[PDB]
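Presented as structure tokens, the chain that follows is alone, the form deposited in one PDB entry.
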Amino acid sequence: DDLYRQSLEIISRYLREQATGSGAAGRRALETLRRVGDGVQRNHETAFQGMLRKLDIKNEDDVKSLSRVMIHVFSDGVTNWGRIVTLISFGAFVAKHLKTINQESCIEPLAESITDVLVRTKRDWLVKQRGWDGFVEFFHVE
């Protein structure tokens, strides 16, 4: 499952970079995600903080609530890349929090949960636009 694996790689890498501080298509997607994932947090820091508090994530594995949230976000039937990147960015915000409380925390369950929602529930929507190419082009700046 190339799309799942590619997506998980991009999302896992971003979450890990965010939480710790520390092919080419996947690379361009990750570069875009760094830029706009960081971008969407800007101005929304208070909102993200408030969401994190309500989310009340218990540990690295406690992803069920976030998954329900993500499914609910999409439950109006609208799908776009702004929503998707906001969910990933919030995921990174949550991952950063999990590491802050326990530095031995793995971001992997969170990244897998996010990727699951995106790839399983929007599979064909992603495939029709050649996956992450839609993301790269949507957020492409000249």
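Residues that one form lacks are left out of the comparison. Just so we're on the same page, rigid core means the largest C-alpha set that superposes within 1.5 Å between forms. Residue numbers run from 1 along the displayed sequence.
Unshown form deposited in another entry; subsequent notes refer to it.
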Kindly check if the Cα atom of residue 74 is displaced 2 angstroms or more between the shown form and the other one relative to the superposed rigid core.
-> yes
On a core-based superposition, does residue 40 travel 2 Å or more at its Cα between the shown form and the other one?
-> no
2 Å or more on the CA of residue 86 between the shown form and the other one, with the rigid core superposed, yes or no?
-> no
Given a CA distance change of at least 3 Å, are residue 104 and residue 112 closer or farther in the other form?
-> closer
Just say closer or farther for the C-alpha distance from residue 66 to residue 90 in the other form, relative to the shown form; it changes by 3 Å or more.
-> farther
Are there runs of at least three residues between the shown form and the other one whose C-alphas all move 2 Å or more relative to the rigid core, and where are they?
-> 60-62, 64-77, 103-106
